[PDB]
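Chains as they are written, first to last, in the UniProt record's numbering: chain V, 2 to 529; chain A, 354 to 529; chain G, 2 to 353.
From the three backbone atoms N, C-alpha and C, an ideal C-beta is built for every residue, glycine too.
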Amino acid sequence: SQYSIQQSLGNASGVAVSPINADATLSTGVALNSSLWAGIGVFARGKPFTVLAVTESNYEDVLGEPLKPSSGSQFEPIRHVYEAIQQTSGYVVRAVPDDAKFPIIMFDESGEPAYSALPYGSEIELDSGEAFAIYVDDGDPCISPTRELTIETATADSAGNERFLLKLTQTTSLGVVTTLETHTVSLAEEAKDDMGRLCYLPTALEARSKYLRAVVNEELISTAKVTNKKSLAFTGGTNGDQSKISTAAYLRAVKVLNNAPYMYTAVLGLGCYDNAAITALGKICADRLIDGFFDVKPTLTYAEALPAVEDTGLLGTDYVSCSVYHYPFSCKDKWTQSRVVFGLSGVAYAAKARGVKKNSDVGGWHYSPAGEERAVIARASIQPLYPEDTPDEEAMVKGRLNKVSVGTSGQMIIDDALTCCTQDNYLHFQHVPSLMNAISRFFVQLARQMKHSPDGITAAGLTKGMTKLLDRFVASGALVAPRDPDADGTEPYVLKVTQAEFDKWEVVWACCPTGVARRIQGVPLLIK
Amino acid sequence: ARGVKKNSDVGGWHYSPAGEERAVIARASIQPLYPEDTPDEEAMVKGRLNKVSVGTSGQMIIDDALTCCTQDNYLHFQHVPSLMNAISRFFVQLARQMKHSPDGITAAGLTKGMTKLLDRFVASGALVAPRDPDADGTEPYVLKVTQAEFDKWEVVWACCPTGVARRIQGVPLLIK
Amino acid sequence: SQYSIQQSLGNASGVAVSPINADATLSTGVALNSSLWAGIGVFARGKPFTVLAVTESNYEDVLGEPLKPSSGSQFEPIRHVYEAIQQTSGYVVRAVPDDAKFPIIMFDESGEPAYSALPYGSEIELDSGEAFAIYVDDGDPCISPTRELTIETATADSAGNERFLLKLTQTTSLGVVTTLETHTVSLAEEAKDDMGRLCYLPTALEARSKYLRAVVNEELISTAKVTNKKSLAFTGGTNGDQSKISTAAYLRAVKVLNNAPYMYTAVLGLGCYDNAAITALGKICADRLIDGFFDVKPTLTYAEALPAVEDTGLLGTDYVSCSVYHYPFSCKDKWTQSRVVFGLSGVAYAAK
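Written out as structure tokens, the structure is:
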């Protein structure tokens, strides 16, 4: 009939509605791209040991469905990502154990499939037979839901090369079948689609497809043929046990994250609690002039929390831009409605991103991640873990460990802005190193713009650019007049550019930061 | 049909075919076939079969709104699938109105039309705020429109239905 | 018949009435939330050593039935709570003796129940067998009335995981049976309900249920099975003797109350008469900038009442916002119609 409404779209012109689903949720958002975060973690789906991209829309697809709190303690990073995804994009890197395997389907010359599985890392090789093989690369085990392969013949090309349409479909547990995407591929070496695009199986799969890849033997492909097959499913995919992961995997993931060629101005912990991984991340953030937001295990009581920070190794005079948080509270999970406990990197980064979006010319880096306005935890029905134990403010501050407190509306907040500097100068606050690093990064951009040029124009250009940038920062309220007038003069910034030899220009600049107004002391008194 | 005529803009599809007001048998001198036999409410409900009862005026009525769904989720009631189907049909009409058009105006038109239709349905009392606020937010409907290729526009919308107040359990007690 | 009226609701669409009860009272009210009180105490029911919430409607349920003046002197806190509940909500914390125990039912692989009991505080552990166990957490001894467990099989899921419906019912002394609430749970690790909610027994019980909790062994659950059982009743629940309580329990309860993250602008004695507990409460109210409303033992005559206040240690220049009351009068109880004597914090807080 012309009044009927189908279920799944084919190739005809028409609208259709899927059956009324219940076990699914959706979210929408528009990326802002003001400051991008990054960090390693463990999840389901996603290509291992390769930097991905996460926005507020596809985070439920590229990063897979959320894990389960019951299955060990691997639910940490997805919650952390969801907390900090509502402000900007991300650059998460996934790491998997050694026993994780991905499915693979291999075809013979006659076209008979042969199911198989292989572990990650190792390349795929073909024996004397088995002309070509096709395997998934998204990393999904394909156990829930299931993905099937359907191959149907199609029309030959002008040159006579055979072409067959390849369809990948996903079957849900209930029984509903959904088609992902199809394309026309050919086993010929030079078969071209009618639109001029390539049709060779490896190139076609690696060019336009997003889920599968294929490898073709270079000696049997000339005489190899195919047939018609229906519902070829992948069997054997399994990621192993995500709870137990060796430190070597974390180190390799961190090293991969270090070499990613992208902007990211903050490195989140994202749930990793190994000391070596945290030390490597601290080495990373002190090399790109950015600021980390690591933390410690929330299950640790107040007594042993302080030695943990020293055990990390962050404490010192080198990792001056990081920060350590503790959070021994149990909230109610957003997905499973269970009593779960997770860290506090996400909320801290959310506060920092909220504070950096006020100004627009260079951004408000001089704001601290604290207070009622920006940093609000606000998960659900927060309840403490150990009511009997009580903290110690002075000792905790001595250990450079930020604390949490309670706001006006009953939602707890982040009431501290302490970095990981042992020395008691101004660089032990949070916003001062961030401001200095922002100025340094902008100067680095300016210098990179003014490189490899003949003499006579370098000095004036460098001086005027540096002065303009410092004036722009002064107008933003970041820099203020010195509190000590007679000794330091009354200039918020002081600059000096000098030349040394044929090369080796040297530029030195000074500035004064702004106050924070941390501690406030009241004192009532009766006038009788 | 008596329930769908209460509203005029989109029709009161969220009403259930039951109760004294709408569903009245009222033929003549109703008499049972086999007086000896007695029914079984729990077993009958397990089989997805609607029963009849007696109203205030002595005229029997249709005291159920059970569909033919074995799963025990929300759409095993009667009015929820009717509401979903009405929304789907109206969306199909709107999409058919906006077919075979050059690029540039499809996205905005689809978004505004879908939002207007969902708002019209919300104003009729069919959709209410979610019963679980923390996880589902406080928006009765959620919309998202995306483009896939040269063709194949995709539109996904979510909503929350309304309750029925089927079972009522009284409990008297003497204050002496 | 279509004219019949059943007694207890099942799943069919219908309206039913219960048998005419006599030994039950009800009360209604709307919370105002202008100034919330708090304070430790001793009662029946309620989760020990954890801050609860009390309004004018559920105070008969979360805090249990009122105690008896005959059974020692543990009837004070419920009277104090009732006296000060007609004005606002509350944040009472319950403390129990060391010998108080809660019932627990443990199941084997074949599905054979094994009754047991355990004292509070200590975590529950499972031996080589006994795949999983389910225990109550409300703290009720389940002696009056009695709570029974009924397990029935149900339809499997799409993945093939077995699911069984779990029903908890309460039997009154007379013989009337009332069903509390039922839910569909499964022993599988990843079994999902048809509506998307989880069905794993620990998560399912800890998420939506309000009366029971469960613990599952992580090594026998894969091959563990269940059966059909009828009327599994808890046995061995007993709170001990509430009249005698060590000062350490009161100190721990006070420390727990100090760390509760909630607004409360007044701390009440709620019948607490130990000097150390009163001193700790006084330390509490001078730290959050609030006002206490403690009192002393009403049985003391006028002569020795004055030294008692100094024995408390409240007197000084530090605990400036507190206050002490005395009430050597005997009234007629609202419930038992007997001659009882109790303190005076409730009326003072009601006036404030």
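Just verifying my parser: in three-state terms, what is the DSSP assignment at residue i?
| i | result |
| --- | --- |
| G/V137 | strand |
| V/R449 | helix |
| V/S454 | coil |
| V/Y60 | coil |
| V/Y263 | coil |
| V/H81 | helix |
| V/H429 | helix |
| V/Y116 | strand |
| V/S331 | strand |
| V/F443 | helix |
| G/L233 | strand |
| V/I414 | strand |
| V/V268 | strand |
| G/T313 | helix |
| V/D296 | strand |
| A/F503 | coil |
| V/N360 | coil |
| G/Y92 | strand |
| G/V257 | helix |
| V/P104 | strand |
| A/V407 | strand |
| A/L419 | strand |
| V/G462 | helix |
| V/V186 | strand |
Just to confirm my understanding: we take residue i, look at its own chain, exclude 5 residues before and 5 after, and list those with CB closer than 6 Å. What are they?
| i | result |
| --- | --- |
| V/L307 | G400 |
| V/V227 | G112, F165 |
| A/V495 | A511 |
| G/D275 | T248, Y251 |
Find the nearest neighbour of residue i within the set the options, judged by alpha-carbon distance.
| i | options | result |
| --- | --- | --- |
| V/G176 | G/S187, G/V93, G/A160 | G/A160 |
| V/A287 | V/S74, V/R442, V/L119, V/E389 | V/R442 |
| A/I378 | A/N360, A/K358, A/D416 | A/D416 |
| V/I86 | V/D128, V/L269, V/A225 | V/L269 |
| V/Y116 | V/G42, V/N59, V/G237 | V/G237 |
| V/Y136 | V/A304, V/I291, V/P114 | V/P114 |
| G/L213 | G/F44, G/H184, G/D128, G/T302 | G/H184 |
| G/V55 | G/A23, G/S19, G/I144, G/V82 | G/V82 |
Output yes or no for whether 9 Å exceeds the beta carbon distance between residue i and residue j.
| i | j | result |
| --- | --- | --- |
| G/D158 | G/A192 | yes |
| G/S28 | G/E61 | yes |
| G/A134 | G/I106 | yes |
| V/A250 | V/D489 | no |
| V/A352 | V/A371 | yes |
| G/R148 | G/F235 | yes |
| A/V445 | V/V16 | yes |
| V/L315 | V/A277 | no |
| V/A281 | V/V255 | yes |
| G/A189 | G/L37 | no |
| G/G73 | G/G140 | no |
| G/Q7 | A/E394 | yes |
| V/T26 | G/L199 | no |
Quick test of your reading: residue i and residue j, contact by CB under 8 Å. State the CB separation rounded to the nearest angstrom.
| i | j | result |
| --- | --- | --- |
| V/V325 | V/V310 | 5 Å |
| V/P49 | V/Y121 | 6 Å |
| A/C513 | A/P486 | That pair is no contact at about 11 Å. |
| G/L271 | G/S346 | 7 Å |
| G/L169 | G/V186 | Contact doesn't hold; Cβ gap of about 12 Å is too wide. |
| G/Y92 | G/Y265 | 5 Å |
Given residue i, which residues of its chain have a CB within under 8 Å of its CB, disregarding the five upstream and five downstream residues?
| i | result |
| --- | --- |
| V/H367 | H432, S435, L436, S477, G478, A479, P514, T515 |
| G/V94 | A39, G40, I41, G42, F50, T51, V52, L53, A254, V257, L258, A261 |
| V/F108 | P114, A115, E131, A132, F133, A134, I135, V227 |
Within a Cβ cutoff of 7 Å, which residues of the same chain sit near residue i, ignoring the five residues on either side of it in sequence?
| i | result |
| --- | --- |
| V/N229 | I152, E153, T154 |
| G/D319 | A287 |
Examine the ligand ZN and report whether any of its heavy atoms sits within less than 8 Å of the Cβ of residue i.
| i | result |
| --- | --- |
| V/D242 | Ligands in the displayed structure: none, and consequently the ligand ZN is not present. |
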